[PDB]
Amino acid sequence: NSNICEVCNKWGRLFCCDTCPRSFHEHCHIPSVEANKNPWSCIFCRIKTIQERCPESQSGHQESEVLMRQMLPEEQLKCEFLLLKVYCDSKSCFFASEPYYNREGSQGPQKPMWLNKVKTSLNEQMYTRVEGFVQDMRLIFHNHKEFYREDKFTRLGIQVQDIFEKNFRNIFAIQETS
């Protein structure tokens, strides 16, 4: 197995996947690494299994279809995996914890959002459709763009949003377009 966490790339108390060489801190993995379970497979392995079991799930989809899907266990998992892929980028640190807003010339957002809040919402099964989770995730970046205006810091928001979007189109097999 790997000697560092797949998500945050640091050593520590690691749990090891039994079906691949990745390792994880307990609360870096989403969901949190499970108490017993031997063997234990990580979320990367669980997602590969879905695809191997139904090869056709990789054929192109419309985003409008995907967003209306109810959060059954497979959609749940996929949103969990998407949230994790955003946390794998070190610039996610800017969006993890509850922000605050006191900048000359800007007002705070009406609806603050952050990664940890979405992680809790996922954990507590608060989303009934994929739409819910995708809306909260895209709001994080939209809030940021609006607040930071022409400060160059806005770019972080565009950066992490791009990672969110690429993984969204990968995980949910959105039909490729020009």
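Residue numbers run from 1 along the displayed sequence.
> Of the two stretches 102 to 110 and 72 to 80, which shows the higher Cα B-factor on average in the entry?
Per the PDB record, 102 to 110.
> Please compare 150 to 158 with 9 to 17 and say which has the higher mean C-alpha temperature factor in the record.
Result: 9 to 17.
> Pick out which of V118, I43, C54, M126 has the highest C-alpha B-factor in the PDB entry.
Highest C-alpha B-factor among the listed residues goes to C54.
> Pull the Cα B-factor of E34 out of the PDB entry and bin it into the chain's lowest, middle or highest third.
Its C-alpha B-factor belongs to the highest third of this chain's values.
> Could you say whether, by C-alpha temperature factor, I50 belongs to the lowest, middle or highest third of its chain?
As the PDB entry reports it, the C-alpha B-factor of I50 lands in the highest third of its chain.
> Lowest, middle or highest third of the chain for the C-alpha temperature factor of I174?
As the PDB entry reports it, the C-alpha B-factor of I174 lands in the middle third of its chain.
> Hey, what third does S64 fall into on Cα B-factor, ranked over its chain?
As the PDB entry reports it, the C-alpha B-factor of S64 lands in the middle third of its chain.
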